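See structure below.
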Amino acid sequence: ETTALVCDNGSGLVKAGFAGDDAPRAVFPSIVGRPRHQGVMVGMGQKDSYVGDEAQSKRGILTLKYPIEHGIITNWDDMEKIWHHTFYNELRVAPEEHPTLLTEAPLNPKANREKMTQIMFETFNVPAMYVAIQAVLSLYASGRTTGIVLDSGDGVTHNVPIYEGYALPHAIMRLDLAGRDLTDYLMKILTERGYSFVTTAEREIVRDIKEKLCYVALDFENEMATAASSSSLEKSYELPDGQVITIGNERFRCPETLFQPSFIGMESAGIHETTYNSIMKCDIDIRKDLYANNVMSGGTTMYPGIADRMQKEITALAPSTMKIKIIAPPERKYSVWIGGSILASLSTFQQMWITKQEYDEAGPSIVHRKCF
Amino acid sequence: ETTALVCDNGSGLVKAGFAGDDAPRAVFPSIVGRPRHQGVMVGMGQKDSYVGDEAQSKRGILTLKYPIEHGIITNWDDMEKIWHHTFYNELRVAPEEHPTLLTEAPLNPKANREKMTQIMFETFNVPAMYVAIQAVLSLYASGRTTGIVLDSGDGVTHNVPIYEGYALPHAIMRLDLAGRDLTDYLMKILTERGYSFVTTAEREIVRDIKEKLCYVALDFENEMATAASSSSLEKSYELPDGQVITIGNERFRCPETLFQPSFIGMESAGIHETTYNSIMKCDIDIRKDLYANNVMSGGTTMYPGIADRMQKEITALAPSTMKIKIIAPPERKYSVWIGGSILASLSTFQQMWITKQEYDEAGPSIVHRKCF
Amino acid sequence: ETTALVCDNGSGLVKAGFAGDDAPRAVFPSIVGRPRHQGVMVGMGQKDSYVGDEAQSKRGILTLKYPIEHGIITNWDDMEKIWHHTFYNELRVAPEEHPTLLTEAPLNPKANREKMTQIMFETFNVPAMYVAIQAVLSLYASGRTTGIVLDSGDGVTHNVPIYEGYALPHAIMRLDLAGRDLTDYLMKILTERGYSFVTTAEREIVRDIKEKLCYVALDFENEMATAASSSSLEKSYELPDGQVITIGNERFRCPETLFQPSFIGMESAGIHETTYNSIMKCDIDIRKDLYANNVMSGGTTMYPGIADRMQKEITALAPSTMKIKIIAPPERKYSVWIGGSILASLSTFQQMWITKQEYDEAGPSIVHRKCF
Ligand SMILES: Nc1ncnc2c1ncn2[C@@H]1O[C@H](COP(=O)(O)OP(=O)(O)O)[C@@H](O)[C@H]1O
Ligand SMILES: Nc1ncnc2c1ncn2[C@@H]1O[C@H](COP(=O)(O)OP(=O)(O)O)[C@@H](O)[C@H]1O
Ligand SMILES: Nc1ncnc2c1ncn2[C@@H]1O[C@H](COP(=O)(O)OP(=O)(O)O)[C@@H](O)[C@H]1O
Ligand code: BEF
Ligand code: BEF
Ligand code: BEF
Ligand SMILES: [Mg+2]
Ligand SMILES: [Mg+2]
Ligand SMILES: [Mg+2]
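Heads up: the sequence lines are chains N, M and O, in that order. For the first sequence, PDB author numbering gives the first residue as 4, with consecutive numbering after it. For the second sequence, PDB author numbering gives the first residue as 4, with consecutive numbering after it. For the third sequence, PDB author numbering gives the first residue as 4, with consecutive numbering after it.
Next comes the structure, spelled out in structure tokens:
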């Protein structure tokens, strides 16, 4: 087959499509949903498991399980359904033709990458495949060969410093604070204004609140004082069922978890200090070009004001001698997939696939030598 | 001063009394009752609206309104009647003398705590007051500095991990399943044997069936098989009017809702998995002491067999390499009030009251900085 | 006078006790711990900051800060707590009466030794003190007067050639590779089996995995091939909370960092080439007697098999004409402290103390002329 698929099966929201396109062919929630009520209508297409946009649409009668937790596949029985849906339902291409570029977060369990390779060769029969790292693909989308990626998906936030083509694996920082945990924190603080959301169906409404209204404050303490001179920062959101909810300092006190992880009680650097600590693990001659080439990526980097709050805080930690030149491109909602759509299309990369003939003499253990 | 009041105004049943006593001075249903019928006997001590034990006694002619719903006050014009009845009709002390310890569930709406504080300083003029969390009070009655409190009242079930006197707010759980919804579910399943209860007056009779006859099965399917070798589990309850109702397996299929919330259709973990999911959100080194000091509280944990059913299920979820122990003292029906009666008595606590002299220069917003 | 203290203020784990005793009186983690959660249990011995074994025990609610980083005191406001705790809590002796032998790594910053001297004379008022080198103390514990000391603690690894009483400061080596960076790497490889240790308390669990289960392979690639006949090398450890983790090639691939620092991405010789380079920088006639008397020291030299891997590697680098006889004594967990407990006892050492009556006519600058 001439064309590769690239299939960023990432947490919360899969991206999939052919290499050499400039955007994903399909994007849908990485959700398998199962009925939670007594079926009664005989004579109907009643179905035992919905997946993707079917599960997102019918959700008022479903329990929703994401099969991926913090970038690790935790429910293979349902992860086969998400890949099966991805290839047979709306890409609608037989995997026996197209080789496929998958993608993984850095510092994942080796057992995940093995079992992921096995399913692709033994349930889908793809002629060849590869497992690039979510950060390394982002520099191809930016057109760079040096930078520090901050990638922050639904399930994981991570940094991978890269200089003039080489990744620095001792300086990789992985943090499990991401777009999911902000959604659970928003379900928690909305309780203190009197709105209760608790079902896995209602968590999707709280995700739509988070996406439509949140922003990152340029200076959180001054913003908290500004919300006490109240009603200038408040917004209304219109729930399904048409009840409005009004939302105030909890509009920006949600994304500030990224800069102050003690709000969700976990002990870590915020995303500003984790990027700065990663730059400070790099060899001293490269740091000037890492500060000049700091690259945002992944859906959590879409909030209004996050490029400014990030630049403000790295500029406070770094010496005033030199300039942080953060790049937040407008496509960064999909830049990992766009990166894989370049990588799978390179003429030099066609040597690097794991092929069916190279797998079956080596088993799923092959993936650790030929990949990152 | 000789005394302070402590006043657990919780859902379904207020507990009230002076600090330093070893049990509540007054206990009554948190009910306001309004005549639903044509008055005819002119020249009588007739009354516009009853409350507490008056309403509970005269209930056959009253629509009964509980002014607290799921731990949130939702009828302030009648909640002032419950506090007024508490302080003037059977504690019978002028509130202007005594500072008062109120009480609240965790994750309650901030608007509740504000308006509750305002009523206390502006309608009753109390010298000082405070609003402790129902879980934090529960450990003082047990004397422990560490444990996971499970508390389950009429209106709310919640868990609060506490270690070495520090609470973990990121690991708190709240579930809107409690002694009310088990009474509403018991009304429903009794329909299937032939008994119909529908009025807010009759619901108090179903609450007596629940309190007098229910228990938690140690192994639910084995107990359901035991009800097919029938008539060994049946009990007969004598209603007001003297009609007898035999109650069969619904005697234990009611309380089992706590361990399977899908019976009342709500999507959540039961109270066993909610306890274990709270412990699994705590920092790893404390979990051994939380498994050793699981503390029960609130009237819904009074059922026969619930300490054993809980110990069995937590011992199946937790790793078998360590002992799980659950402490369920015999006075746990009042341990939240007993805890407040200790907390208000401490010589080191007398700095922490919100005093009238601090409220009238900061407004009801004061309560969020001095309380939890 | 019966005593002088010897107080090896080392990184990771302070050793302290009176001179002439044969092992440290007190040994505890060099840690200050600060609460990271909301305090609720009023009426308790609730302490603003814990230190040593208190902090190590209560760690599940603390952020743990080691004040000593790579052998440098980086946080004086907390290092004074560790020395105050060391002298007043379990040595429990008035510092105003006992002279104290402190200790330092070779090639430390002068500002470290100055401020360390000032605190002892101006906060604790000690009558006299001295600052020996961690390596120069180690020869007294073995009883040598010639031998290249290799010492490897929590924070620093260094070599100090000594011959017939004289040190060779042009041939001293110091490397920021030690028991800390082995632990920080063990978290980063345990991650690839799926165990997500990340908090400053969970690093203490990973340190126990390191101390309990690690060993140094005699032939690394051959041991990595032996891991393909799997489960023969695996061991399992039971965490706090009772979960069991199995650990495999990541059991010995951790300590191999000492012999291949390129694993953690720094560029240097491994500790075998650091010894052979340090001997090869000595004057040619002493080398035969240095190879014959290589002396090991400090907790990171405790691993099973490290003496054999070292003797193998020096015997490959050094000419086959002569024997290497690496003397690793069995108490080398404490040889730096034991060496000081000899040094402070000698009748010929008592002329060399820096004394309170000499410090206040020269300032902290005295310590650069009267010590090494
Ligand atoms: N406009 C937006 N603003 C902020 N967050 C967004 C926005 N659009 C989507 N998100 C969040 O992005 C997350 C998905 O990010 P994504 O990059 O697709 O994750 P992943 O890389 O792991 O596949 C979800 O939590 C979602 O709510
Ligand atoms: N002996 C009992 N056995 C079973 N249930 C009880 C018992 N006593 C009270 N309850 C139930 O517990 C609830 C009252 O619990 P309570 O602790 O007073 O609630 P709250 O903490 O919110 O004030 C009611 O639903 C009541 O029927
Ligand atoms: N038995 C052991 N096996 C392996 N590592 C050990 C052992 N005992 C101590 N360590 C490690 O050695 C370090 C402490 O060594 P120590 O000699 O006390 O350091 P220092 O000289 O700087 O004071 C810690 O990283 C600890 O985990
Ligand atoms: F899986 Be996404 F990268 F968090
Ligand atoms: F208000 Be009770 F605690 F349910
Ligand atoms: F401070 Be120890 F010597 F690393
Ligand atoms: Mg991603
Ligand atoms: Mg209660
Ligand atoms: Mg040392």
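Heads up, the beta-carbon is just placed ideally off N, CA and C, and yes, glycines get one too.
Straight-line spacing of the CA atoms in residue 324 of chain N and residue 173 of chain M works out to 40 Å.
Taking one beta carbon from each stretch, the segment 159–170 of chain M and the segment 105–125 of chain M have 3 or more pairs nearer than 8 Å; the two touch.
Between the alpha carbons of residue 95 of chain M and residue 214 of chain M lies a gap of roughly 29 Å. Residues of chain M with a Cβ closer than 7 Å to the Cβ of residue 213 of chain O do not exist, since the nearest Cβ in that chain sits about 17 Å away. Interface annotation for the segment 109–143 of chain N against chain O: 110, 111, 112, 113, 114, 115, criterion Cβ-Cβ distance under 9 Å. Listed in chain order, the positions of the segment 171–186 of chain M with a beta carbon within less than 9 Å of a beta carbon of chain N are 171, 172, 173, 174, 175, 177, 178, 179. Identification of residues in the segment 276–287 of chain M having a C-beta nearer than 8 Å to some C-beta of chain O yields 285, 286, 287, given in sequence order.
Contact between the segment 119–131 of chain O and the segment 359–373 of chain O is present: 3 or more CB-CB pairs across the two stretches fall below 8 Å.
Beta bridge pairing from DSSP links residue 41 of chain O with M:170.
Here residue 67 of chain O has 34, 36, 203 as same chain residues with Cβ atoms under 6 Å from its own Cβ, once five neighbours each way along the sequence are excluded. Counting along the chain, the unbroken beta strand (DSSP E) around residue 19 of chain N starts and ends at 16–21. Rounded to whole angstroms, the gap between the alpha carbons of residue 14 of chain O and residue 166 of chain O is 28 Å.
Taking CB atoms only, residue 61 of chain O has a neighbour in chain M less than 7 Å away.
Not a single CB atom of chain M sits nearer than 7 Å to the CB of residue 56 of chain O. Nearest to residue 92 of chain N by alpha-carbon distance, out of N:54, N:100, N:74, is N:54.
Under the three-state reduction of DSSP, residue 264 of chain M is assigned to helix. For residue 101 of chain M, there is no enclosing beta strand (DSSP E), as DSSP marks it with neither H nor E.
For residue 32 of chain O, not one C-beta of chain M is nearer than 7 Å to its own C-beta. Sixteen is the threshold: when 16 or more other Cβ atoms of the shown chains lie within 10 Å of the Cβ of residue 254 of chain M, as they do, the residue is buried. Annotation: residue 195 of chain O to residue 179 of chain N spans about 15 Å, alpha carbon to alpha carbon.
Annotation for residue 25 of chain N: 341, 344 place their beta carbon closer than 8 Å to its own, counting only its chain and skipping 5 residues before and after. Under the DSSP assignment, residue 228 of chain N falls in the alpha helix (DSSP H) whose first and last residues are 223–229. Of all alpha-carbon atoms in M:129, M:125, M:79, the one lying nearest the alpha-carbon of residue 98 of chain M is that of M:129.
Within the model, the alpha-carbon separation for residue 143 of chain N versus residue 347 of chain N is close to 11 Å. Look at residue 333 of chain N here: in three-state DSSP terms it is coil, with no helix or strand label. Within chain N, the C-beta atoms nearer than 9 Å to that of residue 271 of chain M come from 201, 202, in chain order. In summary, the residues of the segment 253–270 of chain O whose CB is separated from some CB of chain N by less than 8 Å are 267, 268, 269, in the order they occur in the chain. Between the beta-carbon of residue 105 of chain M and that of residue 302 of chain M there is about 19 Å, and that puts the pair past the 8 Å contact cut. Assignment of residue 295 of chain M by DSSP, reduced to helix, strand and coil, places it in the helix class.
When secondary structure is reduced to three states using DSSP, residue 300 of chain M falls in the strand class. Residues whose Cβ lies closer than 6 Å to any heavy atom of ligand 7, listed in chain order: N:13, N:137, N:156, N:301, N:339.
Here residue 193 of chain O has 200, 209, 253 as same chain residues with Cβ atoms under 7 Å from its own Cβ, once five neighbours each way along the sequence are excluded. Three or more beta-carbon pairs separated by less than 8 Å are not found between the segment 270–289 of chain N and the segment 221–232 of chain N, which leaves the two stretches without contact.
The residue among O:191, O:154, O:148, O:299 with its C-alpha nearest the C-alpha of residue 170 of chain O is O:148. Nearest CB-CB separation between residue 291 of chain M and chain O: below the 7 Å threshold. Contacts with chain M (Cβ-Cβ distance below 7 Å) from the segment 219–246 of chain O involve 241, 242, 243, 244, 245, 246, listed in chain order.
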